[PDB]
Amino acid sequence: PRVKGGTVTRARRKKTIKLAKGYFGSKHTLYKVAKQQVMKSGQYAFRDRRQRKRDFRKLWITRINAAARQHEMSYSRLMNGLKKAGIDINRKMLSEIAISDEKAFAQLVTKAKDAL
Amino acid sequence: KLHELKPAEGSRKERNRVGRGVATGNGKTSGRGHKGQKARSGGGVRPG
Amino acid sequence: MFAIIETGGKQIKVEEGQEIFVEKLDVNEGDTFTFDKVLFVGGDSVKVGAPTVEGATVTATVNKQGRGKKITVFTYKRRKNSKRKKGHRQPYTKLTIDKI
Amino acid sequence: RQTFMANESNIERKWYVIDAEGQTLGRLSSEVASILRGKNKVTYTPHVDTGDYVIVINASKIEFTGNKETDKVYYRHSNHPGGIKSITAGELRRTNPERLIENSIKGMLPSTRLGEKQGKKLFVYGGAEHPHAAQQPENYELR
Amino acid sequence: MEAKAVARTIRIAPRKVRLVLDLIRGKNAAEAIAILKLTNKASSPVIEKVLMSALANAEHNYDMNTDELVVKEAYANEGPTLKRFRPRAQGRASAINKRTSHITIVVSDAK
Amino acid sequence: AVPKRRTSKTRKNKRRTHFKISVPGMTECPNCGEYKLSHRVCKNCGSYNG
RNA sequence: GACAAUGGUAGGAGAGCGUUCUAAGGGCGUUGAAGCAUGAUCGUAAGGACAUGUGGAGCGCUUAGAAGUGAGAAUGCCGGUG
RNA sequence: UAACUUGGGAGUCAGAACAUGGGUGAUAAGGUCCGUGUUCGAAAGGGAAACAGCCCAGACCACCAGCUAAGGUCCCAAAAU
RNA sequence: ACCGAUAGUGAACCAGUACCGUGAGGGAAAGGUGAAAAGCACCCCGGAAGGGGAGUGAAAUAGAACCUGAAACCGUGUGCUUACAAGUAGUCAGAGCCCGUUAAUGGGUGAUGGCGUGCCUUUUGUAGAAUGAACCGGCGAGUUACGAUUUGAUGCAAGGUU
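Structure representation (structure tokens):
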């Protein structure tokens, strides 16, 4: 028997048009143009998920370095001392300590300076 | 019961259809390769 | 008064009466949990050392065990007919630090 | 998640003044670019400008090493066919002293919308006095 | 309370009419009849007959005094175009569009 | 010379910014009471009488 | 539950979703079916529900069967509109 | 941890650079034709300012965790003025 | 286990007819109000056309250009935002402002900071200045009959089968 294609192509074309809303001009109205930008956004999100871990780890290192220059020391001499002292506190926690509690960062610096 | 029928397990299969999408593995070229005499409609050379 | 605990491969700074989200736990919803590894205690209390301070455990009650919002993993190669789409919902566990 | 970001509300900018009497051009411009950018404090927040205002007095008496007073030429074009101008380093210090220092610092800042608002916090003067006495700029020793 | 009046199958092209409707929009009922009468566009006598009948509905059917009526909404929509042919050189033939618009005037009392 | 590219709705609506007309510049005649153009006669009952 | 494996074109192999029709069974509907529109919903994907508007008489579900069974492009064809 | 044998279905017969052993050319060519490896082809990621073929290294998915490779640590721009 | 108005005969329709060629000849487009015309008496603006009410009907945004009424496209209002800025127009991070959901690690807008030269064909190699696409909708390409061979399944077995 004959099988007229109906209501099945409009349904899957409307999902892609809705996935691209807020775009500029014909990028949110026409189907052939929005389909390509939907595919480009999927490839962009996969690359930016693995790059979000890169640019945040470097953001903490600067804030730690700025807090170390106040005590006559650099970042390279601070993480070497925390190892010989057996501290094992990551960058994310050292960044939130110096911002909130200034007294706590002096105790970690004195222990790391005594380890030489 | 005609409302509960089951064929013998392992006796029936679904045919293959080439040229229907790309995820099937038999899309554009439809299992023929690139240009040549064995890619045009009408077969190729006789084995004789 | 805060503390730094290692729970799911990472480290979190906790406080009394706080809603935190961590990796999946084997405990049931409504029960209690206890973090044994504490790395740093400070704030109002006296400063302590490291890697792990003696005792000073943290107790917390379980609130909910659910899944996050769904994402769509789509990649493709141009001029090469090869694309693949996946989906993902990562489970999590919510706790409330009642005592530090 | 658990990281602190500084918005427009909690930002405090200070005024500093630097003395350029007996210092190298490139060695001085690099440390001033750090003060303008805001990398001196723990609340960096890259997408927001947290730098401080800086003032450089005594723009003259900027020292060069080697044959730089003569062998360093500054080029610029004017979008006209054949129109190209050249000024040596020694002559720029004599006519427009502040321009020699102001361009060496602006060449180290990023060229963005935010990197242009940061370069507007610099005030360079050839003399030994600054007009901005209303504020209270504190002296700063370069390290 | 409102009063509408629509003119359909108006032979004048739509975007030629929208240039004049952007002048009476928001004005009073007295200031709009004068603006339309002292201008020399093609759609001037057409828009005036539509704005005049919209005031006749506001007094006969509805009960309100025309001393303080303002023009609330004015716009022009599309219509069924007419397809024509213009013979050109070397046997070619071009297309000519005899367009059509729908005029709509809405008056109100601001209450 | 033919257009190399299509025209946007943004670029088309920016060009027609100044494609407008102004008010005819009318005044009121204190003989016929109705509006009229300047330096012209009242088109209704009346005359110039300058 | 321990260990190991999971980048991929031409190509080989396996497992699934959806459209129309027939058979048997069992259901829904003028207290409003199909379709159309919107939504912050559920699945590993193809895809599946529900509520609210419009609509005015048909249509799902389970197990098998048979195919004019899936569209983004061929200076593709017809219609409409820039 | 693979090899050989029997049977079913294929695709491919336009290759490129780089290191090296050699013909031809003029110890010319991103030239051309052979031997032996690697990468691309069919390979994302980091480095060489941008740069299929060069150096490091082979992406099942998620994380605002840690340690290294080639290359790097005055500013742009993460780390020694 | 045939089609349901781009389908089925070229033709559901007054079609081998408009129309196109000196001629032999070639050839389309066009179905649907409602159960029943019960097809809007009368009033108002207007020269008319077309409208605003009142009536008919279960429904008139079912009024003969009459069932449902999609997209392209053309408009009328408003909540955020934009006139020193170098843009495959997205993505990740993120203030401020404005709303309140299929109730959950909420929705709309986006000051500013990172990273980023469309898709398909054909190629040793393409952002390519190599090819194709103005846009939207519909239609549009491994099939069936008869033979051969190799696999899975079922019946019987020195027999098996018309």
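Residue numbers (this note's numbering), protein chains in the order written: chain U, 1 to 116; chain G, 117 to 164; chain S, 165 to 264; chain A, 265 to 407; chain E, 408 to 518; chain Z, 519 to 568. Note that the Cβ used here is the ideal one computed from N, Cα and C, for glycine as well.
In this structure, the beta-carbon distance from A/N322 to A/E285 falls below 7 Å.
Of the residues A/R340, A/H341 and A/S324, the one whose Cα lies closest to the Cα of A/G354 is A/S324. A Cβ-Cβ distance of about 16 Å is found for the pair A/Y280 and A/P395, leaving them out of contact under the 8 Å criterion. Between E/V513 and E/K434, the CB-CB gap reaches or exceeds 7 Å. 7 Å or more divides the Cβ of S/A214 from the Cβ of U/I61. The distance from the Cβ of S/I169 to that of S/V212 is about 13 Å, inconsistent with a contact at the 8 Å cut-off. Taking a beta-carbon distance threshold of 7 Å, Z/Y553 counts as an interface residue toward chain E. Interface with chain U (7 Å Cβ-Cβ cutoff): S/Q175 is included. Annotation: E/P487 is outside any beta strand (DSSP E) and is labelled neither H nor E by DSSP.
Residue S/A224 holds the alpha-carbon nearest to the alpha-carbon of S/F199 among S/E218, S/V191, S/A224 and S/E180. For U/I99, the closest Cβ of chain A is nearer than 7 Å. In the structure shown, S/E170 falls within a strand segment according to DSSP collapsed to helix, strand and coil. Contact between S/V178 and S/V222 holds, since their C-beta atoms are separated by about 7 Å, short of 8 Å.
In the three-state reduction of the DSSP assignment, A/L356 falls in the helix class.
Against chain E, the CB of Z/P521 has no partner CB under 7 Å away; the residue lies outside that interface. Its chain contains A353 and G354 as the residues whose beta carbon lies nearer than 7 Å to that of A/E333, once the 5 sequence neighbours on both sides are disregarded; these appear in chain order.
The straight-line gap separating the alpha-carbon atoms of U/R10 and U/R2 is approximately 19 Å. Residue burial is scored here from C-beta neighbours: A/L386 has at least 16 other C-beta atoms within 10 angstroms and is therefore classed as buried. If you draw a straight line from the Cα of U/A115 to the Cα of U/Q107, it is about 13 Å long. Closest in C-alpha terms to U/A20, from the list U/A34, U/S26, U/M73 and U/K4, comes U/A34.
Beta-bridge annotation (DSSP): S/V205 is paired with S/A167. Interface residue (Cβ-Cβ distance to chain E less than 7 Å): Z/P548 is not classified as such.
Pairwise C-beta distances place the region 542 to 559 of chain Z out of contact with the region 491 to 505 of chain E, as fewer than three of them are shorter than 8 Å.
Residue environment analysis places U/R49 among the exposed positions, since fewer than 16 neighbouring C-beta atoms fall within 10 angstroms of its C-beta. Per DSSP, the beta-bridge partners of S/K247 are S/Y240. Chain U has no Cβ within less than 7 Å of the Cβ of A/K325. By alpha-carbon distance to S/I184, the top candidate from S/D190, S/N192 and S/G172 is S/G172. Cβ neighbours of S/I264 within its own chain (closer than 6 Å, five residues either side excluded): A167, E180 and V222.
When the five nearest sequence neighbours on each side are left out, the beta carbons in the same chain lying within less than 7 Å of the beta carbon of S/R253 are those of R231, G232 and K234, in order along the chain. Three or more Cβ pairs closer than 8 Å define a contact, and the region 553 to 563 of chain Z meets that threshold against the region 438 to 445 of chain E.
For chain U, the residues of the region 292 to 322 of chain A that bring a beta carbon within less than 8 Å of one of its beta carbons are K303, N304, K305, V306, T307, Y308 and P310, in chain order.
Interface annotation, U/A66: in contact with chain A, CB-CB separation under 7 Å. Under the DSSP assignment, U/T62 falls in the alpha helix (DSSP H) whose first and last residues are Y31 to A68. Within the region 409 to 481 of chain E, the complete beta strand (DSSP E) runs of at least 3 residues fall at 409 to 417.
Close partners of U/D88 in chain S (Cβ separation under 8 Å): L203, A214 and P215.
At least 7 Å separates the CB of S/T171 from every CB of chain U.
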